[PDB]
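Only one structure is covered here, and it is reproduced in the block below.
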Number of protein chains: 2
Amino acid sequence: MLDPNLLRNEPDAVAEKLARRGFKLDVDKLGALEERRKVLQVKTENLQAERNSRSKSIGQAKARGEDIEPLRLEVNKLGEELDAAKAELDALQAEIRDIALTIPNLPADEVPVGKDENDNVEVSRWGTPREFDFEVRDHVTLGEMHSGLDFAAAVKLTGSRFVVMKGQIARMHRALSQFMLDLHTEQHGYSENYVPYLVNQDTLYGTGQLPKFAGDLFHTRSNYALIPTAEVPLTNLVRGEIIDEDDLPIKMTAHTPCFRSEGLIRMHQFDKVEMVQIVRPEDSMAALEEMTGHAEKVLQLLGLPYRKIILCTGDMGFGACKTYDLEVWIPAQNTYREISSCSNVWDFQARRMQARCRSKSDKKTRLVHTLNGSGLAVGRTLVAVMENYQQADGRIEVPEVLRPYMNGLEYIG
Amino acid sequence: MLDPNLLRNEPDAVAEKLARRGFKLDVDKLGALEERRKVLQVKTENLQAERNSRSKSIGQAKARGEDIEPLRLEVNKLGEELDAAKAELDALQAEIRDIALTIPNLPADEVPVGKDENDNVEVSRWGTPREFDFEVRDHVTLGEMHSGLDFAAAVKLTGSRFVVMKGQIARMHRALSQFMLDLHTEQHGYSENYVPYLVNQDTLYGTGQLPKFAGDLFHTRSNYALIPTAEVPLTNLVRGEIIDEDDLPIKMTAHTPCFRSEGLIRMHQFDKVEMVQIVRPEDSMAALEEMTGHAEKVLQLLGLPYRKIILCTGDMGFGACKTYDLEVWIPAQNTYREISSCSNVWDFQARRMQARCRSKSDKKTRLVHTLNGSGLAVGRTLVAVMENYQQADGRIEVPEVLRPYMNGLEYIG
């Protein structure tokens, strides 16, 4: 959530920045609730002062031997009036809280202003798409002809938009996730984690999935939800913690499945290798360049052509203040398709989680910054490898870096 | 479920075999429902014959020019009486079905008769427990001193009986699952599969988890449940299929998380490498010996002492007709603890799934047999490695076979 002082001191400057995202900040409704809150606050304080004043009068009447029942009744009446005012105040503060939790993050000033994906900007591209001297086959066809892709079985077991993979296709899916985890833990300094795939309400509020995106989640009847991304459990490891500035940055990675109820068709269950960084406020723009490069290295080592785009204000996700997307070349569609997204979240999540860092130079604490990106989505990487490394006879060349993970195999099929 | 002809022809012999498991087969309630079913059946056939007879009389009255409204009323009255009888019959057949789906599998005659775990029989043991010249540390302490085990973080993210693993401890957990998958796919002839971790009602009925064990499952509000074991999705791949006898045996393996709502404390989420075999009826006792040996090979290659026990009738699981349990030596407890269970399920699941095989010698079909076992439970294997390979200074020696999977590491810490 946003800094509450920013909303109170300059609501119009905040409403301007949010309008770039296409979000209408109802400054009038918020200001009315803030005013009614202050009135109720004064009311409870006035009633409190009256109650203490009437208590003194009861004490005097006791000492004089007078009857205190008419005074006792009024003090009890006041205590009920005070409870009613406190109930109204707590309901009003919860309504303000509800609204504040639905406000997206403020975009960084450097982010291009735009309404949708057509205003995203390409900032670089790497590699040259392979020229094919035969007709290019799509990944589904390739998966079916190697008996490694069965959508019909997945419908029988579960339902639509699930996948079953078998044989060498499943082995390559597995090899990709191991290669990615090894790369980020051995070369890029990320620490490996096994996390739960079910999380509670507080974890989802912490990273921003709740309340706005409850409908995108699978909930389990022990009030849990399946994780939509490893960002949720990983980032919440520092929830409520105060971290010494010398311990930063905390770099975490994990291989998890991701669940979402809702070019490349998105599944309800898919695998991702996620990267998460907890950093000092003044280092987060640098960390985003570092993290994006880590995702690019995966693409480069696998030899997949890609392009880097910076998302415009109108296409960014709820919690991001700046986002880079990597799009990999998909031969059978003759265009690039998203495969990775790296975002700087600023202090948006840290504020909900109360994740702070302590400087020791003055022992004062401030909110950390959080960043997250995928390096990479495993299933989407598999689609890119299958299509870009296909041969004329339908076989698929195993990229060099995956061979050690696939018992030396050079070709599939 | 059991053969319905077995229940009808010799209910008393079946009730005797089920009593060995501690299951009371209500033969009287079932026989009453069977009798009431036959009566209703005859009733609907009698009403049908009356309806056809009255239709002929209506036709004659038409030809004579008589009024057919009194005859038309009685035929409509009969059609309602016939619908009421069909509704009662379909409700009664569903009640019989409900009961039949709660009946456990018949144990094999060779299985020791007993009431509980105290009547299980040890049939072999391998390896000698290491003698320690220092005080033995438990796996939790060892995990905490290598900063690779955080139960408190798991409670913060989710709740109790979940675990977070970090660093080299998570890497060894991962290495174990890769070693197991590689062993079973490269050496033992199992085919690798990526399956959904959510499944529908029919899949759970197919393998026997529903209806009796609905309360052990996490259900997601798209009426799905999280898998309690990869046995559920893997075995249902042949649901409704007719398999050529020459295609058998089908040997499948998968690495999945397992979810269960409910010595070694069981978690709600834990990893398993599962082995599943679809086989000819006359090969399933041999397949169980083969599959158990595959699980033993994992223990032997990791150098962990274990013992093999055959479960008695009273300790077997719902669907098993014969089960071997492997128990690994747990130093800090000075006893063996379950780590693997391999079961022959006979035709129990095949019957619910209608998985049949065709011989081609006479093109006649019969139910297949299914088998399942874990090779192994990854998290439990990790606990055994950590405790049996600990050194005096708290470090943990990485077993030889895992070193290639852990970038050559020889020690943890």
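In the structure tokens, chains take letters A, B, ... by order of appearance, with residues numbered from 1 within each chain and ligands from 1 in the order shown.
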
- Item | Residue neighbourhood residue 157 (chain A), 10 Å, only C-alpha atoms, exclusion window fewer than 6 positions, as a list in words |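 Once the nearby chain positions are removed, what remains is residues 151, 163 and 164 of chain A; 195, 196, 197, 198, 199, 200, 201, 202, 203, 204, 232, 233, 234, 235, 236, 237 and 239 of chain B.
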
- Task: Could you give me, as a PyMOL selection string, the residues within 9 Å of residue 356 (chain B), counting only C-alpha atoms and dropping anything in the same chain fewer than 3 positions from it?
- Result: chain B and resi 238-244+350-351+353+365-369

- Message: So that I can check the secondary structure, give me every residue of region 55-199 of chain B assigned alpha helix (DSSP H) by backbone DSSP, as a PyMOL selection string.
- Response: chain B and resi 55-64+69-100+139-145+151-157+167-186

- Using only C-alpha atoms, determine which residues lie at most 12 Å from region 390-399 of chain B, disregarding the query and same-chain residues fewer than 4 positions distant; provide the list as a PyMOL selection string. chain B and resi 130-146+168-169+171-173+175-176+179+298-304+330-332+381-386+403-413

- Any idea what's packed within 10 Å of residue 247 (chain A), counting only C-alpha atoms, ignoring anything in its chain fewer than 6 positions away? Could you give it as JSON, numbers by chain? {"A": [278, 279, 357, 358]}

- May I ask which of the residues A:355, A:71, A:40, A:101 is the closest one to residue 53 (chain A), counting only C-alpha atoms?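 With only C-alpha atoms as the atom set, the closest residue is A:71.
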
- Task: Return the single residue from B:342, B:225, B:276, B:103 that is closest to chain A, with distances computed using only C-alpha atoms.
- Result: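 For chain A, the nearest of the candidates is B:225.
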
Using only C-alpha atoms, which protein or nucleic acid residues come within 12 Å of region 306-309 of chain A? Drop anything in the same chain fewer than 2 positions from it, and give the result as a compact mmCIF listing (two decimals) with C-alpha atoms, in the first residue's frame.
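See result-v6.txt below for the written result:
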```txt
# COMPACT_ATOMS: atom_id res chain seq x y z
CA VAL A 111 8.28 4.84 -16.82
CA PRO A 112 6.69 5.57 -20.22
CA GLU A 117 0.54 -2.89 -24.39
CA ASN A 118 0.70 -0.89 -27.64
CA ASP A 119 2.56 1.86 -25.73
CA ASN A 120 5.23 -0.45 -24.32
CA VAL A 121 8.74 0.40 -25.54
CA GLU A 122 11.33 -2.00 -26.91
CA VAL A 123 14.71 -1.09 -25.40
CA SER A 124 16.95 -3.90 -26.68
CA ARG A 125 16.99 -7.25 -28.43
CA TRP A 126 19.46 -10.13 -28.46
CA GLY A 127 20.17 -12.89 -30.94
CA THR A 128 18.91 -13.50 -34.45
CA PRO A 129 15.92 -15.77 -35.16
CA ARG A 130 17.04 -18.96 -36.87
CA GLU A 289 18.96 -4.13 -13.66
CA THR A 292 16.77 -8.64 -15.24
CA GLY A 293 20.28 -9.53 -16.37
CA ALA A 295 16.94 -13.72 -16.38
CA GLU A 296 18.61 -12.66 -19.64
CA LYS A 297 21.61 -14.88 -18.89
CA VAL A 298 19.29 -17.91 -18.86
CA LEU A 299 18.00 -17.02 -22.32
CA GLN A 300 21.51 -16.32 -23.62
CA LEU A 302 20.10 -21.44 -23.91
CA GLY A 303 20.66 -19.53 -27.17
CA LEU A 304 17.12 -18.18 -27.49
CA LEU A 311 6.18 -1.63 -19.68
CA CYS A 312 4.24 1.63 -19.87
CA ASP A 315 0.28 -2.10 -18.71
CA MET A 316 2.09 -2.58 -15.38
CA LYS A 322 8.83 -0.32 -12.87
CA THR A 323 8.85 -3.52 -14.93
CA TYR A 324 10.97 -5.12 -17.64
CA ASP A 325 9.47 -7.90 -19.74
CA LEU A 326 11.53 -10.41 -21.70
CA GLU A 327 9.85 -11.88 -24.79
CA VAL A 328 11.33 -14.97 -26.45
CA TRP A 329 11.14 -15.73 -30.16
CA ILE A 330 8.41 -18.25 -31.00
CA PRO A 331 9.11 -19.59 -34.52
CA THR A 335 6.76 -13.15 -33.12
CA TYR A 336 8.02 -12.76 -29.56
CA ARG A 337 6.02 -13.91 -26.52
CA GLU A 338 6.43 -13.03 -22.85
CA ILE A 339 8.64 -15.43 -20.87
CA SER A 340 9.84 -13.32 -17.96
CA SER A 341 8.83 -10.22 -16.03
CA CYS A 342 11.10 -8.44 -13.54
CA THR A 381 11.02 -21.90 -21.76
CA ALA A 384 10.79 -21.95 -26.86
CA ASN A 388 13.80 -23.09 -31.86
```
